[PDB]
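Below: one structure, written as structure tokens.
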Amino acid sequence: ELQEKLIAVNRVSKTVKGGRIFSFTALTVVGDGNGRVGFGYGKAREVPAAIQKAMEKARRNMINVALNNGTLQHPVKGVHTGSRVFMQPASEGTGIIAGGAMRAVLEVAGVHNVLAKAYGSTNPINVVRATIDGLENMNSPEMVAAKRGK
RNA sequence: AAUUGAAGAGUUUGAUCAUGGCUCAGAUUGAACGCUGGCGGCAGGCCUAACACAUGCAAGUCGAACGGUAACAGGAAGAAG
Ligand SMILES: [Mg+2]
Ligand SMILES: [Mg+2]
């Protein structure tokens, strides 16, 4: 069964003529724990509800990745907007070593051990999906062997 | 057998994304200060005035190199209570 995790919940203001109205935005990541991971960004005027919305959207935007064992193939660089990401497969008995929301994304995607680092802005929203871009463009030996033989 | 290696957070805005500074979570020391203080092992102990120094000790040893009896530990002769 899928597992879901909540990264952060924020508050945003609209300052209408009448006054100031506050809304809540939630970011969540869902995944099967083997190959499939997705993220959702929901909003609402109450917390519990925004979370719900997010989950729904995440489930419907899962993506697939190839994982040599519980680890990546090769080092990959992820970039989006203003957040750079770097990851290394590392050995097996090392645990997960990552920062804010990278632990969430990788654990949900099913990476039991990896070395990760974030450069530039650390904005949960960008860092999420910046990791996922790298996992997207990761190339596996099986799909690179389509060139010829092995 | 002797390469098992990399975490971030707070803070500018009504709110957002950047840029950019400040601050914190770690480790370490020949440390000092405050409160407190049972024992043991190993190590350490003037980082400032190469400023000035009372007192004691820290370079002596060879008679199997040679003249010698100033100490005195023996012996012999001689003079003697
Ligand atoms: Mg920055
Ligand atoms: Mg002496």
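Every heavy atom of this structure was used, including side-chain atoms; hydrogens, water molecules and symmetry mates were not. In the text below, chain A, chain B and the rest are named by the order of the sequence lines, each starting its count at 1.
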* Using the P atoms only, state how far B:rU61 lies from B:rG78, rounded to an integer number of Å. => 43 Å
query = Are B:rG21 and B:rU11 a pair by Watson-Crick or G-U wobble criteria, both distances short of 3.5 Å?
reply = yes
With B for base contact, S for sugar-phosphate-only contact and - for none (protein heavy atoms under 4.0 Å), nucleotides 14-25 of chain B reads BSSSS-------
Per the glycosidic torsion and the 90° limit around 0, nucleotide B:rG5 is syn
Atom CD of A:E107 and atom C1' of B:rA7 are separated, to the nearest Å, by 16 Å
**Asked** Are A:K117 and B:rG8 close enough that a side-chain N or O sits under 4.0 Å from OP1 or OP2?
**Response** yes
Checklist line | Pairwise P distance, B:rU69 and B:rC53 [rounded to whole Å] | finding: 49 Å
Partner of B:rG26 under the Watson-Crick or G-U wobble criteria, both distances under 3.5 Å, comes out as none
Work out how far the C1' atom of B:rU28 is from that of B:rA18, and round it to whole angstrom. 37 Å
- prompt: Taking the side chain from A:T131 and the backbone from A:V127, do they hold a donor-acceptor pair closer than 3.5 Å?
  reply: yes
Would the base of B:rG5 count as contacting A:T94 through its side chain, where contact means a donor and an acceptor less than 3.5 Å apart? no
If pairing means Watson-Crick or G-U wobble with both distances under 3.5 Å, then the partner of B:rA2 is none
One should read off an interatomic distance between A:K117 NZ and A:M102 CE, to the nearest 0.5 angstrom, of 7.5 Å
Any donor-acceptor pair under 3.5 Å from A:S83 side chain to A:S121 backbone: yes
So CG of A:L67 and NE2 of A:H112: to nearest 0.5 Å the spacing works out to 10.0 Å
| task | Between B:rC57 and B:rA70, how far apart are the P atoms? Round to whole Å, please. | result | 30 Å
Subject >> Gap in Å between the two P atoms, one belonging to B:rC46 and one to B:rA31, rounded >> reply: 10 Å
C1'-based separation of B:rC39 from B:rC47 [nearest Å]
32 Å
Interatomic distance, CE@A:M138 vs CG@A:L72, rounded to 0.5 Å, equals 5.0 Å
When rounded to whole Å, the CE to P distance for the pair A:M102 and B:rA6 reads 13 Å
* To do: Can you tell me, in whole Å, how much space there is between the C1' of B:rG26 and that of B:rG8?
  => 12 Å
CZ (A:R129) and CZ (A:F39) are apart, to the nearest 0.5 Å, by 3.5 Å
Are the six-ring centres of B:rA59 and B:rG60 nearer than 5.5 Å, with the two ring planes set at an angle smaller than 30°? no
Under a 3.5 Å distance rule, please check whether A:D32 uses its side chain to pair with a backbone N or O of A:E1 as donor and acceptor. no
Check whether the six-membered base rings of B:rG45 and B:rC46 have centres under 5.5 Å apart and planes under 30 degrees, and report yes or no. no
The residue, A:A118 or A:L115, whose nearest nucleotide of RNA chain B is more 5′ is A:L115
